[PDB]
Amino acid sequence: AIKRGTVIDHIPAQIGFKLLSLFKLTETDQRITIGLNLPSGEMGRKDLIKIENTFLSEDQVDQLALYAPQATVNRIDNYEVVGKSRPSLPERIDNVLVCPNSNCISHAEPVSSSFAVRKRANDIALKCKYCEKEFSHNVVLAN
Amino acid sequence: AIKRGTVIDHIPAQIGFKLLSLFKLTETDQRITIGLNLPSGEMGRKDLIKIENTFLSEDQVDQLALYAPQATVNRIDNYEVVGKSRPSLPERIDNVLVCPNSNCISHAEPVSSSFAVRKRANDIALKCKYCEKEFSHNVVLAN
Amino acid sequence: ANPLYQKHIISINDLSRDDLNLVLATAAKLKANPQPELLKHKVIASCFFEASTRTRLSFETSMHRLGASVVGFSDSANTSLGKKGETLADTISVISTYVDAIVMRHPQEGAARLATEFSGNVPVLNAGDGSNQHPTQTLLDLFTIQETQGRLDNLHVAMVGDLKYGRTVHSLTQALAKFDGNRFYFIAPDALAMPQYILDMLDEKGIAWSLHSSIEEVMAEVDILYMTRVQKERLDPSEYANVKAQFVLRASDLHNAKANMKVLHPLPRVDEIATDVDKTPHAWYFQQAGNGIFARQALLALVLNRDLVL
Amino acid sequence: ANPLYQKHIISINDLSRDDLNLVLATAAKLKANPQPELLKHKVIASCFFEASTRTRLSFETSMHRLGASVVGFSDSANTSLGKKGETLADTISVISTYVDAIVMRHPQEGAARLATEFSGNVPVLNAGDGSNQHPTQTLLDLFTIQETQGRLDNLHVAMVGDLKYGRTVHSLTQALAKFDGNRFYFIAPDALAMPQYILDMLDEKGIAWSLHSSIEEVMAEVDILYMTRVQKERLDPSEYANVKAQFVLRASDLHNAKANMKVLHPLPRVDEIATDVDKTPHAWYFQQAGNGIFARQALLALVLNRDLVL
Amino acid sequence: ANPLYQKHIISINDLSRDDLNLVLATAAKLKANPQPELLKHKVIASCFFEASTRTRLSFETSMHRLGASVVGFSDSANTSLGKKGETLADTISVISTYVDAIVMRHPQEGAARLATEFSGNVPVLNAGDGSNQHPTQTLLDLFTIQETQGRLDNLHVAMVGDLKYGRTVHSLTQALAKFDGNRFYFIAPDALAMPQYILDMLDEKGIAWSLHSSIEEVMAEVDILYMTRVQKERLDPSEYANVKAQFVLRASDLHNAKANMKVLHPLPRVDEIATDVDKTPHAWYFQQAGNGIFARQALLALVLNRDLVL
Ligand SMILES: O=c1ccn([C@@H]2O[C@H](COP(=O)(O)OP(=O)(O)OP(=O)(O)O)[C@@H](O)[C@H]2O)c(=O)[nH]1
Ligand SMILES: O=c1ccn([C@@H]2O[C@H](COP(=O)(O)OP(=O)(O)OP(=O)(O)O)[C@@H](O)[C@H]2O)c(=O)[nH]1
Ligand SMILES: O=C(O)C[C@H](NC(=O)CP(=O)(O)O)C(=O)O
Ligand SMILES: O=C(O)C[C@H](NC(=O)CP(=O)(O)O)C(=O)O
Ligand SMILES: O=C(O)C[C@H](NC(=O)CP(=O)(O)O)C(=O)O
Ligand SMILES: [Zn+2]
Ligand SMILES: [Zn+2]
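Protein chains in written order, with the deposited numbering: chain B, 11 to 153; chain D, 11 to 153; chain A, 1 to 310; chain C, 1 to 310; chain C', 1 to 310. A prime marks a further copy of an entry chain.
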C-alpha cells in the first residue's frame, strides 16, 4: 500500500506486463510495485501496478481501455483513495502503435502515429490518421 | 514473503524490467511480485523480483552475471532462505547474444551464438566462437 | 468567407454533401462566366512526386485561366528531397513560405495529410496520395455524372477493375454515399476488392451494394459504368496475377445499355476499354477529363477567394 | 595416428608449435621425395566463395600431385546457394556426404568454423574466412621463413600495410608467437592497425613489438619484411582514405638491408611493392608462393593419412 | 550387354521397372564393394546450364570414384554458346566428338532429348531439363525408399509443395507407378498442382491418389513424406502469390507419424522444412543426398560398361 500516487487495480492476467512495456511505466525513478497472477474475487486472477507520486489524466486512463476495459484506477493521497475511475474507450490512440500499411507516410517521416478508435462487431477497428486504411487492433503493432 | 521459489535481490536500477523481458519471467501463471526503485542500504536504489514455486535455469543465472554482477539470488522453501548465491560468471554464454561484427557468419546462418567470456582490465571481453573477434560486453550490451 | 475558404482538401471523408454541391455550383458559374483574373497575384505550387498527365496539366491550366502563377516540379528527382535526403516535412515547411496554396501528388498514402501539419496557413490540395484519396478526381467525376444524368441521387453506379488500389473509387464511393438512394455494383477480382472501410461506411448508411462477376449482369441497370485501370505500380508481387485487365469493355457489350448510360474512366486506360467504345454515344471519359478544368477552377476559387463567385 | 589426422584446420590459435613443426618437416620431405599416390582414391572438395588465384590453384595442384581427385567451384553463383537460396549449412551438410575433405574460402568470418558443425567426420580446411584466419598461408609462410633464415626463433619481423583486415598476418603473428624470442615491427596506417586481440596475445607472452611509421626505421634490423595488400573489398566506406598503399617498397629502399633479409608478400600486390624489387636478391614472394605446393601437400597428407613414413 | 549399355537416360517414361531395379541392385553392390577403376580411361562431360550443388558434385564425385576423368562447365556464360551465339545443337555436336558420355542440366524442357539427336553414339544423361524430368534424382530417391522401407510396392507416399514445376516428382511419380499397389497423396497449392498428364497416367494404371490441403490429414498414414521447394525460377509472374512455401513441416507435426516414416526432399529447402526437423529420426534428406553417389555411380557403370560382375 502506497502513500501517494496511482494504483491500477483489476488488470486482467498477462496484461500487466504488456502495459508496463507499452506505456513505458518503468522509465522513472519512482517506486513501482507490481503484482502479477494475484488472486481476486470478482475476476479470480488479476494483475496490479502501483506507481508512487505519479498520476494519470483521464485520457491516460482511457488509453488502458484497449487492454484492460474492466480495470480500476485509484488515485491516492495521504494513504487515502481520493478518486476512482474506469477506462472508457478513447477516441484516439497516439504514438505507441505502428501503422501496418507499409506504404503509409508515417513510417518515413518525423510524425507521431495516430489512429481513430471505433467499436466494430465485438472488435476494435483502428483508422490511421494519415493513410486512412483501417485495421483490427489485433494486427496494429506497438513501438 | 513467499513460501517456495526464487528471490532476485540487489538488481541495479533500470535492470529489473529488462530481466523480466529476456527471461520471459511473466509468461507463467505463478504469482510474481516486483519492486522497482526500492530503497537499498547497500545500493541506494535497487530492483527486486519474487517468483513463487519457480527456480531459474542455470543459463539464466549464467546470463544474470553480466546484467547484474552484484545481484543476489535466494532460493526459498518453507518460507526459508535454503539457498543464497551470487551469480558466477561463466566462461561461455550461448544463444542470447549477438556478435557486433556485421560480417560474422553467425548472422546469416542457423546457428546459436556463442561467446567466450573473461574479465579484462576494467570491463568484460566477449569472444565470438565464429569470427574469433573479441569485444567489450558493453558493445554486446545493445545486442 | 465561403465554407471552403483557406480549407485543406485532403479526403472526401472530411467533406460534407454541402461542400461538394458548392464546388459544383461554382464550376457551373465559371464555365458560363470565366473570371480570368480571379486569382491574379496568387502563386501556387504544383508538386507532383509521382506521374501525372491529366491531374497536373488540368490543375495548372486552371490556375492560369484564373490568372494565377505556377511554380513546382513534375518529378521529385531534382528537388533537394530527391538528391540531398530532405524529408517531405522540411520540403513543405519551406515551400509553404513561398506560395498561396500547395497542390501535391505523392506515392505514399497520407502525404497530403502530413503536409498540412507543416504548411501553416497555406492550404494543401490532395492531387492523389498513394492508393488512398483523389478528391479532385471525385469532384470532376461528380460534375460529369451531374451533367449527363441530371442528378447525383438515386443512381445505379457500377465500378469496375482495381477497387482496392483505386484512390479514385475510394473518394467517389464516399462522395456518392453522401447522396440519397444510390446503388452500387462492384465488379473486381477478389484480390483487388473494394476495402472493408468503404463497405462498412455503406452498410452504416443503409446503402445497397452488391458484388458481381460480369459487366453484362448489370449493363441493363446502370446509369454510370465507372471503369478503372489496374494500379500495377501499387501491387504487391503477390498480386501480379491481376496486372492484366480482367474486364474488357467493347462496343458490342453496350447493346442493352440504357440511352442515358455513360461510360466513365478517370484514365489512363490500358485495355479495359477497347478503342471501339470511343465512337459510341456512351463514351464520356474524354468529356470527363475536360470537366477537370471546371472542377479544379472552382476548387481553387473557393479555397483562395473568400467571396462566393457569381 | 599423427596429431593432425582427421583434424579441422580452422585457426592458428588451435594449433601448437609441435603441429606447425610437423607440417614443416613433412613439407620438407615431400619437396625432396614426392609421393604421387599418397592420396589415391581420395576426392576433395575445393569450395571457393570468394576470389583466389594462389590458394585455390596451389591447393588443387597439391591434391593432384598426391593422386587425389578434385570437385568444387570457384564461384558460388551457380551453386544452389547462389540461385535457390540454400544456406551454407545445408551446402556443407550435403557436400560432406560426397568427399573426404573440404577446402573452403569464404567472405564471412567464421564460415569455416561453422562448416565443421555440419561436416560430421569430414575435415574442413580453412582457405580464408573473411578478415579472420588464413592458416595455410601461415604454413607456407613459416616454411619459407624456415628455409631462408634457418630458424623460426629470435627473428626480427616487420609486417607492413593493412594489418587490420589482413587474415594473413593475424595467423602469421599468432604462429610466430608460439616460437621464442621473435620481435615484431608493425608498420600500418592507424585506421588499419594490427587488432588489439593480437597485441594482447603478444603482451601476455612477453613478446616485444613496436609500431613504426616507416620501413626505413627498421630496414637495417629485419630478417623478414612481410608486405601486405590493402584489403579494399573489406574496407568500410569510412576507411576509403586508406585504399591506396601507404608504404611503397622499391629497390632503392633496400640499400641498408641485412644480406639475408627476404621480402615476403602473400600476394597479390597492387602498388606496395614496385616491380624493380623483383630482380633484387631480397625479393622472395614468388618463391614463397611456390612453397604453397609443399605446405598444402604436407597438410593434406597429414589430415588424410594416419601415418607417413618418409 | 546389360539393358542400359550405351543408352540415353532422358525420361523415366522410357525406363521399365526392370531397368530401375537394375540400377538399384547395381547401386547396392557398389555401396558395399567399390570399383575404383571401373571407368578408367573414360572422359565424361559435365555440362550444367543452370545452377546445381548436389546433382553436379555427386555426379562428378561418382565419375572420380569410378576412375573416370571429367570435363565441362557449371555456367554457360563462358562457353561459345554464351558469348559467340552458338546453338545447343552445335555445342553437343562438337562435345560429342571428345567424350564418352554427356551429363547435362538445362533450363529448357527438352534440351536433353534434343542433345541425343546431335550426340551420335555418345550417351546423354539428363541431370534436369527445365520443369520436365529429373531421372537421376528418381534413381537415388527410389534407392533411398528401398533402403528405408524394404520395398517399392504398397507404399503410402505423400508429395508436398510445388508439384507443377517439380521435375523431381514428375519423374518419381512415374517410377513408383511402375510398381504395384502404391498410393499417392498430393498436397499442393491449386496453382502449383500435379500436372494432369501425371494423373491420367495414374488413372489408366488404376493407381489410387488423392488431393489434400494439409500434411496433418495424412501424417499417420504415410511411409514417405516427400517435401519440395517452390521452383521460383520457373514461376510465371502471375504465380508470384505462391513464391512462399504453403506447407511448413516442423518437428511437432511428426507426433502421429509412423515410426518407419522418412522425410525426403531432393533439396535445396528454403522454409518448407524447419531446421528442428533435422534432429528427428524421420529426417532423411541428407542421407538421401548421400545416396546420389551410389545411384549415379551405378548408372554410369551400366551405361559405359557392357557387363558388370559384382
Ligand atoms: O501491495 C500489495 C500486495 C498485494 N496485494 C494483493 O492484492 C490482492 C487483492 O485483495 P483485495 O482485498 O485488495 O481485494 P479483493 O481481492 O478482496 O477483491 P477484488 O480486488 O477482486 O475486487 C490480494 O491478494 C492482496 O494480497 C495488494 O493489494 N497490495
Ligand atoms: O522482500 C522484500 C525485501 C525488501 N523490500 C524493500 O526493500 C527495501 C530495503 O530493505 P531491505 O532490508 O530488504 O534491504 P536493505 O535496506 O538492508 O538494503 P540492502 O543492503 O539489502 O540492499 C525496503 O524498504 C523494502 O521496501 C520489499 O519490499 N520486499
Ligand atoms: O492512375 C489511375 O488509373 C487513376 C487516376 N488517374 C489520374 O488522376 C489521371 P493522371 O494520372 O494522368 O493525372 C489516379 O489515381 O492517378
Ligand atoms: O588477398 C590478400 O591480399 C592476401 C591473401 N592472398 C591469397 O590468399 C592469395 P589468393 O587470393 O590468390 O589465393 C588472402 O587473404 O586472400
Ligand atoms: O531444385 C529443386 O528444388 C529440386 C531439384 N534439386 C536438385 O537437383 C539438387 P541441386 O540443384 O543442388 O543439384 C532440381 O530439380 O534441381
Ligand atoms: Zn497509415
Ligand atoms: Zn562473430
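Backbone N, C-alpha and C define an ideal beta-carbon position, used for all residues, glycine too.
### Near-chain C' residues of the region 160-179 of chain A - C-beta to any C-beta below 8 Å
Those residues of the region 160-179 of chain A that come within reach of chain C' (Cβ to Cβ, closer than 8 Å) do not exist; the list is empty.
### Residue range of the unbroken beta strand (DSSP E) whose run includes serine 52 of chain C'
In the DSSP annotation of this structure, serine 52 of chain C' is not part of any beta strand (DSSP E), being labelled neither H nor E.
### Task
Identify the contact partners of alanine 27 of chain C' in chain A, using a Cβ-Cβ distance below 8 Å as the criterion.
Chain-ordered listing is empty here: chain A has no CB closer than 8 Å to the CB of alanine 27 of chain C', the nearest sitting near 42 Å.
#### Entry: Option nearest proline 110 of chain D by Cα separation, candidates D:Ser124, D:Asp57 and D:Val71
By alpha-carbon distance to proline 110 of chain D, the top candidate from D:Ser124, D:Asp57 and D:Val71 is D:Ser124.
### Task
Could you check which residue in C:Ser52, C:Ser76, C:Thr228 and C:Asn291 has the C-alpha nearest to that of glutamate 272 of chain C?
Selected option, being the one with the closest Cα: C:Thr228.
### Query
So with Cβ pairs under 8 Å, would you call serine 116 of chain D a contact of chain C?
Judged by the 8 Å Cβ criterion, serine 116 of chain D is in contact with chain C.
### Task
Figure out for me which residue from D:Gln70, D:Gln80, D:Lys129 and D:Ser95 has the closest Cα to the Cα of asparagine 105 of chain D.
That would be D:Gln70, whose Cα lies nearest to the Cα of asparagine 105 of chain D.
### Task
Measure the Cβ-Cβ separation of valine 122 of chain C' and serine 96 of chain C' and say whether it is below 8 Å.
At the C-beta level, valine 122 of chain C' and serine 96 of chain C' come within 8 Å of one another.
### Query
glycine 45 of chain D: beta carbon under 7 Å from a heavy atom of ligand 2?
Indeed, a heavy atom of ligand 2 lies less than 7 Å from the Cβ.
### Query
Would the beta-carbon of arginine 306 of chain C' fall within 8 Å of that of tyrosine 98 of chain C'?
Result no, Cβ atoms of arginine 306 of chain C' and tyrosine 98 of chain C' do not sit closer than 8 Å.
### Query
Are the beta-carbon atoms belonging to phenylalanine 49 of chain C and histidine 106 of chain C less than 8 Å from one another?
Against a cut-off of 8 Å, the Cβ pair of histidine 106 of chain C and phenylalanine 49 of chain C comes out as a contact.
### Query
Going along chain B in order, which residues have a C-beta closer than 7 Å to the C-beta of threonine 36 of chain D?
Within chain B, the residues near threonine 36 of chain D are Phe27 and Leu46.
### Query
When DSSP builds the beta bridges, which residues end up paired with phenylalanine 125 of chain D?
Partner(s): D:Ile103 and D:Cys138.
### Task
Please report the residue range of the beta strand (DSSP E) in which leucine 163 of chain A lies.
The continuous stretches of beta strand (DSSP E) do not include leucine 163 of chain A, and DSSP gives it neither H nor E.
#### Entry: Start-to-end residues for the beta strand (DSSP E) that takes in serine 210 of chain C
Taken as a continuous stretch (DSSP letters only), the beta strand (DSSP E) holding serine 210 of chain C covers 209-211.
### Message
Is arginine 296 of chain C' a contact residue of ligand 5, with contact defined as CB to any heavy atom under 7 Å?
### Response
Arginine 296 of chain C': no, Cβ never under 7 Å from ligand 5.
### CB contact flag (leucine 225 of chain C, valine 263 of chain C, <8 Å)
At a Cβ-Cβ threshold of 8 Å, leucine 225 of chain C and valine 263 of chain C count as neighbours.
### Message
Strictly below 7 Å CB to CB, what residues from chain C' border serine 238 of chain A?
### Response
Per Cβ cutoff of 7 Å: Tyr240 and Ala241.
#### Entry: Residue-chain proximity (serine 58 of chain C', chain C), Cβ-Cβ < 8 Å
Closer than 8 Å to some Cβ of chain C, the Cβ of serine 58 of chain C' qualifies, so yes.
### Beta-carbon proximity check, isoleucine 59 of chain D vs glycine 26 of chain D, cutoff 8 Å
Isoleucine 59 of chain D places its beta carbon less than 8 Å from that of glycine 26 of chain D.
### Task
Just the C-alpha distance for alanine 23 of chain B and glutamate 52 of chain B, rounded to the nearest angstrom, thanks.
Rounded to whole angstroms, the gap between the alpha carbons of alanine 23 of chain B and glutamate 52 of chain B is 13 Å.
### Message
I want to verify the contact list: residues of chain A whose CB lies under 8 Å from the CB of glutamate 119 of chain B, in sequence order.
### Response
Chain-order list of chain A residues neighbouring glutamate 119 of chain B: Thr87, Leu88, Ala89 and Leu114, by C-beta distance under 8 Å.
#### Entry: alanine 51 of chain A beta carbon near ligand 3 (any heavy atom closer than 7 Å)
Under cutoff, so the answer is yes.
### Query
Grouping DSSP H, G and I as helix and E and B as strand, with all else coil, what is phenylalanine 59 of chain C'?
In the three-state DSSP reduction, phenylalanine 59 of chain C' falls in the helix class (H, G or I).
### Query
Which chain B residues are close to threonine 16 of chain D, counting only those with a beta carbon under 7 Å from its beta carbon?
Residues of chain B passing the Cβ test: none, with the nearest at roughly 14 Å.
### Query
If you measure from each residue's Cβ to the nearest non-hydrogen atom of ligand 2, which ones come out under 7 Å, in chain order?
That query returns the following residues: D:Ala11, D:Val17, D:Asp19, D:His20, D:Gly45, D:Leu48, D:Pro49, D:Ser50, D:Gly51, D:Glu52, D:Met53, D:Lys56, D:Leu58 and D:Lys60.
### Message
Counting only Cβ-Cβ distances shorter than 8 Å, please list the residues of the region 54-70 of chain B near chain D, keeping chain order.
### Response
Close to chain D, meaning a Cβ-Cβ distance shorter than 8 Å, are the following residues of the region 54-70 of chain B: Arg55.
#### Entry: With 16 other Cβ atoms within 10 Å as the buried cut-off, status of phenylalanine 143 of chain C'
It is buried - the Cβ of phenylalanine 143 of chain C' has at least 16 other Cβ atoms within 10 Å.
### Message
Can you determine whether any heavy atom of ligand 3 sits closer than 7 Å to the C-beta of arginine 229 of chain A, and answer yes or no?
### Response
Checking the Cβ of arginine 229 of chain A against ligand 3 gives yes.
### Query
In the structure shown, what three-state DSSP assignment does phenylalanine 184 of chain C' receive?
Here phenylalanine 184 of chain C' sits in strand by DSSP.
### Task
Specify whether the region 130-142 of chain C and the region 152-171 of chain C touch according to this definition: at least 3 beta carbon pairs, one from each stretch, less than 8 Å apart.
A contact exists between the region 130-142 of chain C and the region 152-171 of chain C.
### Message
Is it the case that the region 199-218 of chain C' contacts the region 176-188 of chain C', given that we only count it when at least three CB pairs across the two stretches are under 8 Å?
### Response
With a cut-off of 8 Å on Cβ pairs, the region 176-188 of chain C' is in contact with the region 199-218 of chain C', counting three or more such pairs.
### Task
With a threshold of 7 Å, establish whether the CB of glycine 128 of chain A neighbours any heavy atom of ligand 3.
At least one heavy atom of ligand 3 lies closer than 7 Å to the C-beta of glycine 128 of chain A.
### Query
On the three-pair Cβ rule with 8 Å, is the region 186-193 of chain A touching the region 208-223 of chain A?
A contact between stretches requires three or more CB pairs, one per stretch, nearer than 8 Å, and the region 186-193 of chain A meets this requirement with the region 208-223 of chain A.
### Query
When you compare each of C':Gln297, C':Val303, C':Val309 and C':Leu308 to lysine 31 of chain C' by their alpha carbons, which one comes out closest?
Closest in C-alpha terms to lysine 31 of chain C', from the list C':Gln297, C':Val303, C':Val309 and C':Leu308, comes C':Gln297.
### Query
Roughly how many angstroms separate the alpha carbons of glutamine 149 of chain A and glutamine 288 of chain A, rounded to a whole number?
Rounded to the nearest angstrom, the two C-alpha atoms are 13 Å apart.
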